[PDB]
């Protein structure tokens, strides 16, 4: 469900610039909180007045010592400052001098802007010469509740329309729910593309007109005043689902349930319409043909049969089975079967084309699993892989897929920019950065740059990562599990959690050799970088890099 | 719709070289507009005559001082030049000397070529020893109009063919439209693969013969002279759509409408042919079997029934529903049902195989949207992403897809060459290059090279792009929206439109640190490059690079 | 089939650390096998006691000379060591001194741990102040045997349920097999996600309860005590296949056989249920309608017909053919046909959507073969390729695909890490590394790094690999086949197996030119590297690189 992000606390600055832009005004803006109260924005009108650019005027106190000149008096120079100290609408009565130097009869409309907090936040100087949400647990399940009673009305009113020429009271309860639905739509919030959120009743009622109220206003019209064709407006209650279509695509099985249940309603109406053709042609047809299948000539036949036989027909016709217990004969009867065969051939390709995809889309992980498995089984038979390695290929692949759900890690990150990519890896690698000792005395830029180059490698039982004689390119960190260290089949050491191993990069200044082996016991969790990846970041932060190597204590210097 | 590009104004030079190549001539060509009227092309015959190459002879005045020698007279050296000053066909009577040096009895056929402008454009020296278009608003909608009356004739003439053994006058109006169609095809333009456009009536009439006129000439033959089989030629009017097939693939819903409506015509003919089998076998069949369904024995049955029942059958047969209200019995009746089942099984796979794809191809953006969404929802459940970041992933992804329609930006550019790739990015980034100050005094090569390395990054509300302590690799430009600047949660500055921020690259000559943060308010539009990307271009243009840094005024030097 | 890897011999160390972690203990661990019996792990409690880190304490004898001080006595310093020499639970009664230096009343609980071997393996010092497998040839084929008798019961009990109101003895044999199935499930092993394997009867019986025994316990209940609805519990024997679903996805044709045979069982039950509707409505229906098709009014009709006609109906209904020899009429009859058409339209899309994919997934190699072939045949017609090269394109492509099965070599390796990637290439290139002379005196790290950069190139008959004048970038090795050497169409030399050719990299220290050509006779097998790829590895191992070039004898130095 789409819900737009709330407006930041400084968004009122955009509207004030937009307001005074509408007046064709000439002005500047200066903050109160900062040291000497410097300028924060100036419009193009102010640039034309003096001649200076935005860059030159910015980061300067709003007393503005450059605006002084020969003709600028000494007495009211104070009458610039004591307005920053006093706060009031007062036109300060003085000339100024431009960049190149020129006299002009200007006048400083000094203003202090004040917000809901009741404090002096921003200065501006013009020149002249009961509430309800839309993503709440109340509103969430109530859309499914609306959808149920829509399906109730959409089905049971065709039953009333065709056949009727406990139930009387319960149908009136559903009519009141739609009247309650309209009143609730006023106070609830909505999301404009630009205006991410908008609230309170001065603004919501305008959007509701000229949208989808004119259609829904017809739904809530049950007049009393024969002739049941007046109740055809209750079918337009179905439009409430069409407008809220994005809500009903959350779960995998829920989308299947809608396309399966709506398939019944398509048949249900056609069943009721098929029956209507039998009633409104009495001069031999299909109903008297049914009257011979079940011995009831004319008296009359059964109501329960007439609805079933019609539904049976329109299912048999639209499903493209085509029995012929019941089938058309007269002109209008065949015309219907042409319509049902034509829409049926369209529907049976359209609706079950999607449902055939939805089952494979629901079981999408296990679909690609077997294709990836057939690559491995072909790769085994192609190369002839023996048993000691056979186990390692299967168990790693089954551990890799079962853990990650066969999802590409970096393929998702490519779409996002580098700022939010770092924030994603910061969330995954929170267990190292926040908890460990050397990363605490560090700025936020250092954390993100490091977070990019980290790699969360997983190690199942008995996996030899690095061996004796190899080049220690990486420098590892152990988050969870329990990792061993061996050499010549003797247990040298064990490491649990929050531990480090590799080499320092200051002493050698070279690619150093390894000392011994390293193997996992449990399904251990660890992290990884490189020598080249680390140094390129650490050299950018020289004052941080001294703190890094001193505080960081590695459990094994491996030579 | 394919329409070839018009021939440039200097394409007549190709035909003149091609003309004098046909004579086995030996010649050169020289321009009038250029300073001293130098040579612009020479054929291989001239290279063989003297011995010099194209490179050596080119960029030399057509007086040709190298062609002089001992035997070349002084009096008629003027009689080379005053032809460039006088203009006439005159064989200049003199010898010349080759590269190595040799006498040969040559003769300069001096010519001034003149075009429609009526001016001296090009010199050549031979040696010896009511209109109509095809992509107009008139022709565009008239193809759809032709297609309608084709469908009118294609349907209503089978009705006349089978059943007939207001309407009399209106059918004759359609016959005249095809006669009008033929006359219009003469004056209209066409597109040869080589000849991009060709016009005026000397050349178009030759292509129309031996193309698709011989078939369309049969369409316009309504002779008066019984026997309605003479009107079978009106079915060949359907070929006018087959030739113009590329026109009817513009809209998404329009292709669906053709394949859906032609499906009816396939049934329509088979319905009329099914009826013809009933009439032309009278010795029990299907028509007398229908005469018992609706009580009409022989007198005769109804015409409206006979057409419907046949259409109902051929739909039921070809749609693969198979009712059996009406069905074959005699030899010829079954032979038809074998033909309809065989084509029906072929058609129901072929035509609705495409229509099943067309609905997913029409909703192709929203199809891949849900697959990309399932990657994110799996990625959320796989990593367990909390609420403050949960919003950022959804809102960025929904903003990114809704803005770009889920289209790859650079994937389209890869097919095109670097010249037109730069022209595409020049169109997108026109708002910076043409309007801003420093890019005005610049050549066209500088604009294209820069345009390649620009990146149009979009920033929704409250998006922190760069933070304090980070390395300012990029140098941004603000086109639209409104962007803030903060540090330690205090509003430092605001920027509107056509503004700049980053660092100068001359003072440091290093990767400098950042000063503070930067965040968006509105759905702001901005651009981006790199330090390495800029300098590699700027160093190629040293005289431009001095103008660049001086005129370019950045609003924030961020240290 | 998933089978987890067995626990290594040092996994009991994890449980001992986990045990003493549960006591809130403070301790260290030291090995017996290593030289001076140094420390191998210490918990965080020991780090807090003294103050030292893991890195500082590790790789130190467990006598611990740093733990001595002024107050540590000289007499019981021996009573640290002689426990390593004697072995017993004894609290060594002495103080110690921390990092900064401090007295504390501590007490060393000296322990020697001993395993099944009966030897002194590890020291610990606490401080205070009939069998059966599940992947055997017996169990493997017995799952297929269980599946057969499940299908026997699942089919033949509906036959007994509906119709019955040699066979008597044989059905009781199947009832005993399920009782045998339960007893076998106790002693057989299983695989927990964490616990890769678990055995012996103290631990297996707990998992079997609260899993899939409560359902299977109902299956083995054949009580004696009319009313055959008691045998409906035998349908729940079908659940034994649902739990063991991963077993039945091995072969390509085996998955097709299950989905094809289960399709019959879906019809089989519906056939038996369709028949039940005929029996249990006797007040005209479908059974008396059948009694007129085959002249048998009431007496009674045939049993063999009643089962076939029902099966014929439910096939005709669910397959979506829809004949109408037998078809519904009464209320309950149509309700069934609505249910069969609804599930039939769902099943015919779901089950045959997979089976349509399974045939193309079985013939998946030959599917992409023709698409790759159409690229080549288009590429031939697009460029117009003559006969001498035409043969080389076809024969290489047909040799490449037929050998490799159209599988990507490196695309499979990308998922695996660099350790196991090297192990895969070590298996493929075993014929060179183990057998040849220069690679014998080499460490394991040298073998893996080389193995990565090797490339198994195949050469069919008459393939010119390298020519005279070319740069010998690669350095080849001949494993199998027979390779020639030529220059100016004269036979210079021949090479068989385990041979080398290229250039030495020490003498030139440059990219040297080639001498002559090289061509294959048989379908030869060979390997390949590069000059840059080799030197980058060899420079890391300087002591190995001297042994490499001396022992390695190349058959042709080619200049």
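Residue numbers (the authors' numbering), protein chains in the order written: chain A, 3 to 131, 398 to 433, 451 to 510, 520 to 577, 583 to 597, 603 to 863; chain A', 3 to 131, 398 to 433, 451 to 510, 520 to 577, 583 to 597, 603 to 863; chain A'', 3 to 131, 398 to 433, 451 to 510, 520 to 577, 583 to 597, 603 to 863. A prime marks a further copy of an entry chain.
Using N, Cα and C, we set each Cβ at its ideal position, and we do this for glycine too.
Backbone CA spacing between residue i and residue j [nearest angstrom]
| i | j | result |
| --- | --- | --- |
| residue 38 of chain A'' | residue 793 of chain A | 17 angstroms |
| residue 841 of chain A'' | residue 807 of chain A | 20 angstroms |
| residue 475 of chain A' | residue 664 of chain A' | 35 angstroms |
| residue 593 of chain A' | residue 431 of chain A'' | 43 angstroms |
| residue 728 of chain A'' | residue 680 of chain A | 12 angstroms |
| residue 71 of chain A'' | residue 40 of chain A'' | 20 angstroms |
| residue 834 of chain A'' | residue 754 of chain A'' | 11 angstroms |
| residue 407 of chain A | residue 401 of chain A | 7 angstroms |
| residue 68 of chain A'' | residue 811 of chain A | 26 angstroms |
| residue 759 of chain A'' | residue 738 of chain A'' | 17 angstroms |
| residue 107 of chain A' | residue 100 of chain A' | 12 angstroms |
| residue 600 of chain A | residue 742 of chain A | The model of chain A omits the segment between 597 and 603, and residue 600 of chain A is among the residues lacking coordinates. |
Amino acids of chain A, ordered along the chain, whose beta-carbon sits closer than 8 angstroms to that of residue i
| i | result |
| --- | --- |
| residue 803 of chain A' | 56 |
C-beta neighbour in chain A' for residue i, strict 8 angstroms
| i | result |
| --- | --- |
| residue 648 of chain A'' | no |
| residue 35 of chain A | yes |
| residue 745 of chain A'' | no |
| residue 537 of chain A | no |
| residue 635 of chain A | yes |
| residue 628 of chain A'' | yes |
Proximal chain A' residues relative to residue i, where beta-carbon distance stays under 8 angstroms
| i | result |
| --- | --- |
| residue 657 of chain A'' | By Cβ distance, chain A' contributes nothing, its closest Cβ being about 12 angstroms from residue 657 of chain A'', past 8 angstroms. |
Chain-ordered chain A'' contacts of residue i [CB-CB under 9 angstroms]
| i | result |
| --- | --- |
| residue 719 of chain A' | What residue 719 of chain A' touches in chain A'': nothing, since even the nearest Cβ is about 17 angstroms away. |
| residue 679 of chain A | 711, 712, 715, 716 |
Cutoff 8 angstroms: residue i Cβ touching any chain A'' Cβ
| i | result |
| --- | --- |
| residue 765 of chain A | yes |
| residue 786 of chain A | yes |
Beta carbon proximity, residue i to chain A, threshold 8 angstroms
| i | result |
| --- | --- |
| residue 638 of chain A'' | yes |
| residue 632 of chain A'' | yes |
| residue 781 of chain A' | no |
| residue 575 of chain A' | no |
Cross-chain neighbours of residue i in chain A, by beta carbon under 9 angstroms
| i | result |
| --- | --- |
| residue 480 of chain A' | Going along chain A, no residue has its Cβ under 9 angstroms from residue 480 of chain A', so there is no contact; the nearest lies around 44 angstroms. |
| residue 814 of chain A' | Near residue 814 of chain A' there are no residues of chain A at all, since even the closest Cβ is about 11 angstroms away, more than 9 angstroms. |
Per DSSP, cross-strand counterpart(s) of residue i
| i | result |
| --- | --- |
| residue 43 of chain A' | A':31 |
Helix, strand or coil at residue i according to DSSP, with G and I counted as helix
| i | result |
| --- | --- |
| residue 447 of chain A | Residue 447 of chain A cannot be placed in this structure, since chain A goes from 433 to 451 without the numbers between. |
| residue 525 of chain A | helix |
| residue 100 of chain A'' | coil |
| residue 672 of chain A'' | helix |
| residue 430 of chain A | helix |
| residue 478 of chain A'' | coil |
| residue 560 of chain A'' | helix |
| residue 599 of chain A'' | The model contains no atoms for residue 599 of chain A'', which sits in the stretch where chain A'' goes from 597 to 603 directly. |
Cross-chain neighbours of residue i in chain A, by beta carbon under 7 angstroms
| i | result |
| --- | --- |
| residue 466 of chain A'' | Simply none; closest approach about 27 angstroms. |
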